[PDB]
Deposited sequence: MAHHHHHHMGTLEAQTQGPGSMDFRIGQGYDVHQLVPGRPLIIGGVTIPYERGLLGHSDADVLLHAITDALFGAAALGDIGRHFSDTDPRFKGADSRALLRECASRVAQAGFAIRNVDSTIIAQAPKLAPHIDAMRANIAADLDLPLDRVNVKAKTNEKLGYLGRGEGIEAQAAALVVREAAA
């Protein structure tokens, strides 16, 4: 049928005195992500991928990050699209994200009204390269498939 794909990218600086919140999960860490919102880099990337797949523009032209993700899903449905799946990658040199992946997936699935088997989150370091490798920021990438 009328399938569409979307792709999303986000990055935020890591700064002192902020909670680290990724995929809705508060992760123990001495620094957190800097932004106007709670700076949830993963949710932002997914949001952009979903807007992209529905050809609805981007997060900047539309607008915590879970409320924003829920609103994104609403606007995607309003345009006549159903979400089929989401995949994503977080790139962070530190801290370890593996123990938190399942909770992120559950959060995203709940926000998008999707079963768990249609949401994926993957974790990577940057092999100590560049600003990500120096722990100056955290990047997220996302892909979304929808159908009209």
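Missing residue ranges, deposited sequence indexing starting at 1: Unmodelled stretches, in sequence order: 1 to 21, 85 to 94, 180 to 183.
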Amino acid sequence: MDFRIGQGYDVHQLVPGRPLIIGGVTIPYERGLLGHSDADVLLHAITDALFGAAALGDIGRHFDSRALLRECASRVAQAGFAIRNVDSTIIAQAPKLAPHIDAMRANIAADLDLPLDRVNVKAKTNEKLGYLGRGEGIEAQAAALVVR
From here on, numbers count along this sequence of modelled residues.
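Of 11 to 19 and 127 to 135, which one has the bigger average CA B-factor? Taking the mean B-factor of the alpha carbons in each, 11 to 19 is higher.
Say you rank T47, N107, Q93, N120 by Cα B-factor from the PDB entry; which sits at the top? Checking the PDB record, the top C-alpha B-factor among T47, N107, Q93, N120 is at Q93.
If I read the C-alpha B-factors straight from the PDB entry, which of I27, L42, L68, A55 is highest? In this record, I27 carries the highest C-alpha B-factor of the candidates.
Relative to the other modelled residues in the chain, which third contains the C-alpha temperature factor of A142: lowest, middle or highest? Bottom third by C-alpha B-factor.
C-alpha B factor of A98, ranked within the chain: lowest, middle or highest third? Highest third.
Could you say whether, by C-alpha temperature factor, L116 belongs to the lowest, middle or highest third of its chain? Highest third, going by the recorded CA B-factors of the chain.
For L33, does the deposited CA B-factor place it in the lowest, middle or highest third of the chain? CA B-factor rank for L33: highest third.
C-alpha B factor of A79, ranked within the chain: lowest, middle or highest third? According to the entry, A79 has a C-alpha B-factor in the chain's middle third.
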